[PDB]
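*Asks:* Experimental coordinates follow, after the sequence.
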Amino acid sequence: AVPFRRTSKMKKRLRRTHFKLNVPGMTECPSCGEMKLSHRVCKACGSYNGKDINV
Amino acid sequence: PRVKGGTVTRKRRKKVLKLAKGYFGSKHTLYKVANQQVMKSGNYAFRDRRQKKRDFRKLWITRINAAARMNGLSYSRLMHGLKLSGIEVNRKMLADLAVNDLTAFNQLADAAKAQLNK
Amino acid sequence: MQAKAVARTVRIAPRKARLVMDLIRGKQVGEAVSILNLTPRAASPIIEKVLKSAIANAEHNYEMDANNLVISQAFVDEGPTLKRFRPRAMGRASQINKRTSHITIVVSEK
Amino acid sequence: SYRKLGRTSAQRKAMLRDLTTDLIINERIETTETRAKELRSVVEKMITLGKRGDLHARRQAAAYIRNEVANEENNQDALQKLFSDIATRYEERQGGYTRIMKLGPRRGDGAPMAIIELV
RNA sequence: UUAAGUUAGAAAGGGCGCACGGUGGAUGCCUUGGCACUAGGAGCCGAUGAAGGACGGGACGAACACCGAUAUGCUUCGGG
RNA sequence: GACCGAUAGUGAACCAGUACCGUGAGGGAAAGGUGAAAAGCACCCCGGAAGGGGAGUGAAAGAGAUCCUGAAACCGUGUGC
RNA sequence: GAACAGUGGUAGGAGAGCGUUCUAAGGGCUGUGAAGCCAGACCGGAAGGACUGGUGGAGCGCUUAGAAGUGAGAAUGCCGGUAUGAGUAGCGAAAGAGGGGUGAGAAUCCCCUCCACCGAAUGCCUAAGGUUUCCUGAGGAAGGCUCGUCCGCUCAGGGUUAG
Ligand SMILES: [K+]
Ligand SMILES: [K+]
Ligand SMILES: [K+]
Ligand SMILES: [K+]
Ligand SMILES: [K+]
Ligand SMILES: [Mg+2]
Ligand SMILES: [Mg+2]
Ligand SMILES: [Mg+2]
Ligand SMILES: [Mg+2]
Ligand SMILES: [Mg+2]
Ligand SMILES: [Mg+2]
Ligand SMILES: [Mg+2]
Ligand SMILES: [Mg+2]
Ligand SMILES: [Mg+2]
Ligand SMILES: [Mg+2]
Ligand SMILES: [Mg+2]
Ligand SMILES: [Mg+2]
Ligand SMILES: [Mg+2]
Ligand SMILES: [Mg+2]
Ligand SMILES: [Mg+2]
Ligand SMILES: [Mg+2]
Ligand SMILES: [Mg+2]
Ligand SMILES: [Mg+2]
Ligand SMILES: [Mg+2]
Ligand SMILES: [Mg+2]
Ligand SMILES: [Mg+2]
Ligand SMILES: [Mg+2]
Ligand SMILES: [Zn+2]
């Protein structure tokens, strides 16, 4: 099966309506103030839940 | 001497694409389809300059009928009476009175009624 | 006042860079850096370097304050394509477009 | 249920045994998050044997723990460490000998990584 | 307040117009090279080793051009 | 020269009978243009570099080597309806 | 100029014209900005033609006549570019895991450990063929179906010894 007609620019753009990234689930790190992914160790300073991990 | 294609080709094609401004998608962008649509637009516009005259007469007649029936005449009877009374005010003008000066329209209608009641 | 940076002919496909650009367009430079740092995409480190280059220009060349900057323009343009060929079955080759991007960021005071 | 981790039964067993011994020796490893989540139960059940301490328990553990050096100084095996150091540490604690902390995606394949460590 | 009625606005995204870019290499202009001829020359080279090559030669990689272990040149006569 | 002007004119304006293809005979391309002059961007800044932003040079750098012009397709950013 | 009449059209006949390159003769334009290109709401019955602004940076119109490689939308036309399908199919038989290191950057490079696979081979030698791919150091644009600090890749050096 092959396309019977080429897809117009418009139909290509309508299809790509939902082809997007979302903003990360990010929050300010209470330790160092850099943004971190919620529920992950903060990469910048290595803190999680008010404790240093990378000790 | 050799004659390159040169600039004549793009000049001609650009003119067609300029006439295709506002057409949808590829029809304002690509020469071959813009050219077909501009051609088709010519046939339509010729046809529609004739239809326009049919369409406005249809509209005027509708409005004259509406105004006529407010004076207890059908359009048909009104037009018969106006012709008998010798009145040559045309449908464009009658329909204008019907909208803008209905008292004047009613005088013409009353003139028509007079001739019909004879 | 505006500061611009451009990365020309970066080896990443434009469609792929534009996914990430769409996250940061109009954001404050602080937020945009964060977004790029926590967005796991190939384009993120490339766009981060352009964004940081634009901020540096804003500070160094034009004495703008990096705290008050916003991304005012952000776009990806197609660079030149590296054309390659993948061998397929039955002795046929098929083209591969190794596309490149020109990545522009303009920062400006809010 | 339980996870398959993209591996055949035997491969998956081999990998869980490897990771289990790695976490006994090192006390903290980094791995994919889904591996960490599978590893918790398997490791905590080895610590339960260690806490039992009897010979039957030790041989059950010997069927799982790998033959690797946990301490070059003392010539202590992973099994010996499990049954001495780890078991003693967790005498009073009732389960939950491990914790998983999430790190975020690694370059290369976006795999969500995590630290798993003994508590 | 209730009822009945009417009408806005909205944009995930999209369309048209406009503005500004990217890509791409058309067009114009240009000519290092061609094409067709005219006048005149010359119409053969080789065992005294040709035509055409290979390998080499420089202070300095490869390649071109030039040269042949006298190798990026030798002598001589003229020119400058 | 009322011949061509870079898809033309030689296949070949360019290191072309080359590259490449074929066991071989043989087939056989693509590819011209910075600027008058390299004056070919000291120095500073972001970056591992690439690439940029300044500063310089220049008549011009949106002439910076992928360098005269720079159409269209095609790809984007903004937004008046 | 009046009147009267006429003016659908395929094959096709006839006529009148538009535009392109070149030449000749007038005449001109142009660094105070030529051609080309972009834009516009201008003009002509059509082909078409100007004007204004922008870009461009050196050539070009006009008149009359001449000569033609003289006009493209179709040839499953030729060459080039770029789309669509699409962030889709695919990424080419196979066991890895963790710790340490290096580094701008590491699932992918190095080291270590255990695990796993071949074993009339997936080992050792050696033809043909290839021709430097070998070793060392440096490198990361392209090649490598991902990545890359690595490499059969790039750059330097080096390396093949016979009665
Ligand atoms: K040719
Ligand atoms: K102009
Ligand atoms: K065609
Ligand atoms: K066998
Ligand atoms: K290396
Ligand atoms: Mg043509
Ligand atoms: Mg084959
Ligand atoms: Mg089995
Ligand atoms: Mg010519
Ligand atoms: Mg040209
Ligand atoms: Mg040619
Ligand atoms: Mg061959
Ligand atoms: Mg310009
Ligand atoms: Mg010039
Ligand atoms: Mg140019
Ligand atoms: Mg008729
Ligand atoms: Mg001309
Ligand atoms: Mg012709
Ligand atoms: Mg065509
Ligand atoms: Mg997808
Ligand atoms: Mg995918
Ligand atoms: Mg599909
Ligand atoms: Mg699918
Ligand atoms: Mg798939
Ligand atoms: Mg594979
Ligand atoms: Mg080697
Ligand atoms: Mg790669
Ligand atoms: Zn932090």
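*Replies:* In hand now; what should we look at? Numbering: from 1, shown residues only, chains lettered A, B, ... in the order given. Ligands and ions are numbered 1, 2, ... in the order given.
*Asks:* Close to RNA strand E: what parts of chain C are there?
*Replies:* Selection of chain C residues close to RNA strand E by C-beta under 7 Å from any atom of the strand yields C:77-81, C:102. (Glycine included, C-beta is placed from N, CA and C.)
*Asks:* who wins for neighbours among the residues you listed?
*Replies:* Tallying neighbours with other C-beta atoms under 10 Å in any protein chain shown puts residue C:79 at the head of the residues of chain C next to RNA strand E, with 19 neighbours.
*Asks:* Hmm, that one is touching residue C:13, no?
*Replies:* No: if you go by C-beta atoms under 8 Å, residue C:79 and residue C:13 don't touch, sitting 10.0 Å apart.
*Asks:* what touches both of these two?
*Replies:* Common neighbours of residue C:79 and residue C:13, counting by C-beta atoms under 8 Å, 6 or more residues apart in numbering or on different chains, are C:99, C:101.
*Asks:* Just give the number of residues close to residue B:81.
*Replies:* If we define neighbours as other C-beta under 10 Å, then residue B:81 has 23 of them.
*Asks:* Wait, it touches residue B:110, no?
*Replies:* No: with contact defined as C-beta under 8 Å, residue B:81 does not count as touching residue B:110 (9.5 Å).
*Asks:* what about the strands in chain D?
*Replies:* D:28-32, D:69-71, D:76-77, D:98-105, D:112-118 (DSSP state E).
*Asks:* Nearest approach to residue A:33 belongs to which of the ones you listed?
*Replies:* With C-beta to C-beta, the closest approach to residue A:33 among the strands of chain D belongs to strand D:98-105: 17.7 Å.
*Asks:* angle of that closest one against strand D:112-118?
*Replies:* 160 degrees (axes from the mean of the first three to the mean of the last three C-alpha atoms, to 10 degrees).
*Asks:* Tell me which stretches of chain A form strands.
*Replies:* A:26-28, A:35-37, A:47-48, A:51-52.
*Asks:* Mean neighbour count and distance to residue B:118 for these - can I get that in CSV?
*Replies:* Shown next, in CSV, are the strands of chain A (neighbours: other C-beta atoms under 10 Å in any protein chain shown; distance: least, C-beta to C-beta, whole Å):
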stretch, mean neighbour count, distance to residue B:118
strand A:26-28, 14, 93
strand A:35-37, 22, 96
strand A:47-48, 19, 106
strand A:51-52, 11, 111
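*Asks:* So which bits of chain B are right by RNA strand E?
*Replies:* Proximity of chain B to RNA strand E, by C-beta under 7 Å from any atom of the strand, involves residues B:4-7, B:10, B:21-25, B:28.
*Asks:* Nearest residue to the middle of chain B?
*Replies:* Among the residues of chain B, the one closest to the centroid is residue B:52, at 2.4 Å (C-alpha atoms, centre = their mean).
*Asks:* does any part of the helix or strand hosting it sit near chain A?
*Replies:* Per DSSP states H and E, residue B:52 falls inside helix B:31-70. No: using C-beta under 8 Å from any C-beta of the partner chain, helix B:31-70 stays clear of chain A, coming no nearer than 11.7 Å.
*Asks:* same for the helix or strand just after that helix, what does it pack against?
*Replies:* The C-terminal neighbour of helix B:31-70 among helices and strands, as given by DSSP H and E, is helix B:75-84. The contact analysis (3 or more C-beta pairs under 8 Å, 6 or more residues apart in numbering or on different chains; DSSP states H and E) places helix B:75-84 against helix B:31-70, helix B:102-117.
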